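Chains as they are written, first to last, in the deposited numbering: chain C, 14 to 120; chain G, 7 to 120; chain H, 27 to 125; chain D, 27 to 125; chain F, 19 to 102; chain B, 23 to 102; chain o, 25 to 100.
Beta carbons: idealized from backbone N, C-alpha and C, even for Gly.
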Amino acid sequence: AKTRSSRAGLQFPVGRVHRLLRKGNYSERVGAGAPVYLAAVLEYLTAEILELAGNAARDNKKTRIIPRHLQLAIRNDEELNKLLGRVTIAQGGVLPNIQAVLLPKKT
Amino acid sequence: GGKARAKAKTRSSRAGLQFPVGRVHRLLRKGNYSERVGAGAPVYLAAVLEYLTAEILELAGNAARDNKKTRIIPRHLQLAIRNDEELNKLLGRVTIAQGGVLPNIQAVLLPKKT
Amino acid sequence: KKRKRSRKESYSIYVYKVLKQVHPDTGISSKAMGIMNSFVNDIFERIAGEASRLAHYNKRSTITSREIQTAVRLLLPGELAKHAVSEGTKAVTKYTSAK
Amino acid sequence: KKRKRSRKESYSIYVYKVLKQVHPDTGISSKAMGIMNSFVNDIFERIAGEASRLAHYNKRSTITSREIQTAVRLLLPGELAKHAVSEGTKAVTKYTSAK
Amino acid sequence: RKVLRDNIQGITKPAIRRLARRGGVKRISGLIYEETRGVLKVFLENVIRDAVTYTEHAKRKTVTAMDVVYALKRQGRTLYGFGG
Amino acid sequence: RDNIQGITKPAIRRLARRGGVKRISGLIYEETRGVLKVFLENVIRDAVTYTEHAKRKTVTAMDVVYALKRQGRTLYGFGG
Amino acid sequence: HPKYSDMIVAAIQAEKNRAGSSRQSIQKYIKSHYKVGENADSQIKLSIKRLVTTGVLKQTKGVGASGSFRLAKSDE
Ligand SMILES: [Ca+2]
Ligand SMILES: [Ca+2]
Ligand SMILES: [Ca+2]
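So this is what it looks like as structure tokens:
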């Protein structure tokens, strides 16, 4: 008896996902590929963010990822940003950005 | 046969409605909303759709009658809706095809009046 | 012999019915009818979805007229909400009272 | 001892597991993990929703991996979409042959 | 228990000035501060009304973080890091 | 194929009239053109994506309408 | 009125005779005090169709649709 995840080469719970699908009133019937595909995409997107967040944590000389790190990862990355366009990260802050005309004259 | 009647009325009729209480109920079961659908739900819903549909037609139909027309057309609908604070809000992110816009010229652009 | 168009539903007969209530002498262009039809479908799907989330959020299997109402207070602005609820209530009360 | 707290699910372990695959020596705060949990839940509902509608727009009773895919193409930006489509496809192709 | 005070004023000038700092604002009209409060007020009305509705529908007498979250997502202002 | 120039100055002016605009810089007609292009790309992509998923070679009104809705620009009067 | 697995009990229980029990003599007795709707014959054959397959009623002799039944299951 083995996990559908390990059968698909994944970390995310193929089984959990399949159940959430059935139980979420998206459709009457749910193909056996669906949760395998969906779980994998969720894993890919989680991983992408965790690479970046992680880097922005290393950058801060901090061993643990915190919301700021997530925010910096996401906001600094054209695509992640779009995807999370109307999303508000709690305790994330904003990217350092002072409009040009508000600085004094540089030399 | 000593009175076990077969009868045959339409749910809409009972609730006092033009909108199909049957159709609506069906669309609920079918439309991946929930496992189960109440007996009251589609009556209420149908009522609500009737209310809002009546409301607009009431207003558009006026808009036609002011234009000297007996047919309601998209403009009449677009007028009805955009000049009604509440409806406008409800249909804020909606485009009425062949509606056009409400006449509006920002004041600064109009010439100093003589 | 030709008989091939699909059979696609519409709310057009009820749009017309309700039309003959509010203004019995005036009619409606085809394009207007189809705006109306999108209109109903829009709001159906808006109300339903919220009511579907209300349920699912409150761990229930049943969309009831309680969810329709809650959705309606959520989805319509003040005065429309009021009359919509009011008309909703009335309709249901009248239907329990009939059969 | 009294009553033990009722089960609340989470993706936390699966986020952790992933985390260690990417940045082994990197860990993660309570609040951070809560954000990851929102994010996964977010994109579930997004993709599931789009797939629901795809199926329903095509008169299909079934959300298959096809729905999930098209959905992902509709919902993800370019480079993110591709890699998604790969890793999903990979992982079905593996699942299929491991029966 | 007790009906509440006139608190909207507790959204002080300092605080409003700090928030507009986070937003990259350098110089601030005098009139900004009261205008903000009105905006802030309308925001909270709009969310809380929706939240309280989710409360009221669940027949609970205590607004939950999820009520807020569901409302906020309804308002198009999706919030991560508090559930769902 | 450079049909974008088919979006003439006159047609662009007209649109902006209806937007209550009174006077128009010369640089706008190109700026408009780009914007208009980006909009269509985003709508058409999605539309065709619906087309390819129903395994058809002919884009339908519905395809458009379903895309427009995803894009938040819901459209009434073409089979909503 | 009572249910149709309430009605099917009353005919076979009360008298016990013709063709062990069979379809006409059940429907004659049943109509006298159920009070007949048009659906009587339709939901009396359906009541038999699921009562024969559950074990509440067991069949004596027949082929496909036709036959004759009893109340006490076979060997019990
Ligand atoms: Ca069902
Ligand atoms: Ca790495
Ligand atoms: Ca007959």
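1) Going by DSSP in three states, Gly88/o sits in which element: helix, strand or coil?
2) Pair every Cβ in the stretch 95-110 of chain C with every Cβ in the stretch 92-100 of chain F, then say whether three or more of these pairs are closer than 8 Å.
3) Could you name the residues of chain B that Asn110/G contacts, counting a contact when the two beta carbons are closer than 8 Å?
4) Just tell me which of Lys69/o, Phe93/o, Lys85/o and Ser66/o has its CA closest to the CA of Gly79/o.
5) Figure out for me which residue from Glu105/D, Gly104/D and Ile94/D has the closest Cα to the Cα of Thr115/D.
6) By alpha-carbon positions, which one of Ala58/D, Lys28/D, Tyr121/D and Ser38/D ends up nearest to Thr76/C?
7) Should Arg35/G be counted as a contact of ligand 4 given a C-beta to heavy atom distance under 7 Å?
8) Express the C-alpha separation of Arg33/H and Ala69/F in angstroms, rounding to a whole number.
9) Report buried or exposed for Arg32/G, applying the criterion of at least 16 other Cβ atoms within 10 angstroms of its Cβ.
10) Is it buried or exposed, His82/C, if we count other Cβ atoms within 10 angstroms and call 16 or more buried?
11) Out of curiosity, what's the CA-to-CA distance linking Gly42/B and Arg71/C?
12) Counting only beta-carbon separations shorter than 8 Å, does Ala14/G have a partner in chain o?
13) Looking at the structure shown, is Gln112/C part of a helix, part of a strand, or coil, going by DSSP?
14) Identify which residue in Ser18/C, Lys15/C and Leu55/C has its Cα closest to the Cα of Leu102/D.
15) For ligand 1, any of its heavy atoms closer than 7 Å to the Cβ of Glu63/B?
16) Check whether the Cβ of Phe61/B lies closer than 8 Å to any Cβ atom in chain G.
17) How is the alpha helix (DSSP H) around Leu55/C delimited, first residue to last?
18) Name, in chain order, the residues that DSSP records as bridge partners for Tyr98/F.
19) Taking the CB atoms as reference points, tell me whether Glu105/D and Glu64/C lie closer together than 8 Å.
20) Need the endpoints of the alpha helix (DSSP H) that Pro32/B sits in, please.
21) Closest to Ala66/C by CA distance: which of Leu115/C, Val27/C and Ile87/C is it?
22) Can you find a CB in chain F that lies within less than 8 Å of the CB of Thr96/H?
23) Judging by CA-CA distance, which residue of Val41/H, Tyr83/H and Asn84/H is the nearest neighbour of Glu61/G?
24) Check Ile79/G in the structure and name its three-state DSSP category.
25) Can you name the residues of chain H whose CB is closer than 7 Å to the CB of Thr71/B?
26) CB of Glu35/D to nearest heavy atom of ligand 3: below 7 Å?
27) Flag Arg95/B as yes if its beta-carbon sits less than 8 Å from any beta-carbon of chain G, otherwise no.
28) Output the distance between the C-alpha atoms of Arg35/F and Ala113/C, rounded to the nearest integer angstrom.
29) For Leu115/C, which residues in chain F fall below 9 Å Cβ to Cβ?
30) At a Cβ threshold of 8 Å, is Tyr51/F touching chain D?
31) Please state if the CB of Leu23/G and the CB of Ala110/H are separated by a distance shorter than 8 Å.
32) List the residues of chain D whose Cβ lies closer than 8 Å to the Cβ of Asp68/B, in chain order.
33) If you follow the alpha helix (DSSP H) that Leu100/H is in, where does it begin and where does it stop?
34) Step through the CB atoms of chain D and report whether any lies within less than 8 Å of the CB of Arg78/B.
35) Comparing the CB of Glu41/G with every heavy atom of ligand 1, is any distance shorter than 7 Å?
36) Name the chain B residues that come within less than 7 Å of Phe65/H, Cβ to Cβ?
On the basis of the supplied data:
1) Reading the seventh sequence from its first residue, position 64 is the one you call residue 88/o. Residue state, collapsed to three classes: coil.
2) yes
3) Here residue 110/G refers to the residue found at position 104 of the second sequence. Result: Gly42.
4) Here the question's residue 79/o lines up with position 55 in the seventh sequence. If we check each option's Cα against that of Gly79/o, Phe93/o comes out closest.
5) Taking the first residue of the fourth sequence as 1, we reach residue 115/D at position 89. Measuring from the Cα of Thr115/D, the nearest candidate turns out to be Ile94/D.
6) In the first sequence, the residue the question calls residue 76/C occupies position 63. Comparing Cα positions, the closest option is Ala58/D.
7) Ligand 4 is not part of this structure, which contains only ligand 1, ligand 2 and ligand 3.
8) Position 51 of the fifth sequence, counted from the start, is the residue given in the question as residue 69/F. Position 7 of the third sequence, counted from the start, is the residue given in the question as residue 33/H. Those two C-alpha atoms are separated by around 43 Å.
9) Position 26 of the second sequence holds residue 32/G. Exposed, since its Cβ has fewer than 16 Cβ neighbours within 10 Å.
10) Start at 1 with the first residue of the first sequence, and residue 82/C comes out as number 69. Buried.
11) Taking the first residue of the sixth sequence as 1, we reach residue 42/B at position 20. Taking the first residue of the first sequence as 1, we reach residue 71/C at position 58. Cα to Cα, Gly42/B sits roughly 53 Å from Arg71/C.
12) Position 8 of the second sequence holds residue 14/G. No, because no Cβ of chain o sits closer than 8 Å to the Cβ of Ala14/G.
13) Mapped onto the first sequence, residue 112/C falls at position 99. Three-state result, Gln112/C: coil.
14) Along the fourth sequence, one-based indexing puts residue 102/D at 76. Residue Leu55/C is the option with its Cα nearest to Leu102/D.
15) Your numbering for residue 63/B matches position 41 in the sixth sequence. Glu63/B Cβ: outside cutoff for every heavy atom of ligand 1.
16) As a first step, residue 61/B must be located in the sixth sequence, where it is residue number 39. Not closer than 8 Å to any Cβ of chain G, the Cβ of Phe61/B fails to qualify, so no.
17) Taking the first sequence and counting its residues from 1, one reaches residue 55/C at position 42. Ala47 to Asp72 is the extent of the alpha helix (DSSP H) around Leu55/C.
18) Numbered from its first residue, the fifth sequence carries residue 98/F at position 80. According to DSSP, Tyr98/F bridges with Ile102/C.
19) If you number the fourth sequence from 1, residue 105/D lands on position 79. If you number the first sequence from 1, residue 64/C lands on position 51. No, Cβ-Cβ distance for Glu105/D and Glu64/C is not below 8 Å.
20) Working through the sixth sequence from its first residue, we reach residue 32/B at position 10. Here the alpha helix (DSSP H) through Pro32/B covers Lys31 to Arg40.
21) By one-based count along the first sequence, residue 66/C stands at place 53. Per the Cα distances, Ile87/C.
22) Translated into positions along the third sequence, residue 96/H becomes position 70. Chain F, which has a Cβ nearer than 8 Å to the Cβ of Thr96/H, makes this yes.
23) Residue numbering aside, residue 61/G sits at position 55 when the second sequence is read from its first letter. With distances taken between Cα atoms, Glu61/G lies closest to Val41/H.
24) Within the second sequence, numbered from 1, the residue matching residue 79/G stands at position 73. Note: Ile79/G maps to coil in three-state DSSP.
25) Mapped onto the sixth sequence, residue 71/B falls at position 49. Within 7 Å Cβ-Cβ: nothing; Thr71/B doesn't reach chain H, min ~21 Å.
26) Here residue 35/D refers to the residue found at position 9 when the fourth sequence is read from its first residue. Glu35/D: no, Cβ never under 7 Å from ligand 3.
27) For the purposes of this step, residue 95/B is identified with residue 73 of the sixth sequence, where counting begins at 1. Cβ-Cβ to chain G under 8 Å: yes for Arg95/B.
28) The residue labelled residue 35/F in the question sits at position 17 within the fifth sequence. The residue labelled residue 113/C in the question sits at position 100 within the first sequence. In a straight line, the C-alpha of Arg35/F is about 20 Å away from that of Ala113/C.
29) Counting from 1 along the first sequence, the entry for residue 115/C is found at position 102. Going along chain F in sequence order, the residues near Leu115/C (Cβ under 9 Å) are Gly42, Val43, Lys44 and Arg45.
30) Counting from 1 along the fifth sequence, the entry for residue 51/F is found at position 33. No, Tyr51/F lies away from the interface with chain D (no Cβ there is under 8 Å from its Cβ).
31) Along the third sequence, read from residue 1 onward, the residue named residue 110/H stands at position 84. Along the second sequence, read from residue 1 onward, the residue named residue 23/G stands at position 17. Contact: no.
32) In the sixth sequence, the residue the question calls residue 68/B occupies position 46. Result: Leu100.
33) Looking up residue 100/H in the third sequence gives position 74. Its alpha helix (DSSP H) spans residues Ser91 to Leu101.
34) The sequence position of residue 78/B within the sixth sequence is 56, counting from 1. Cβ-Cβ to chain D under 8 Å: no for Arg78/B.
35) Taking the first residue of the second sequence as position 1, residue 41/G is located at position 35. Result yes, Cβ under 7 Å from ligand 1.
36) The residue given as residue 65/H occupies position 39 in the third sequence. Ordered by position in chain B, the residues that pass the 7 Å Cβ test against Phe65/H are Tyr98.
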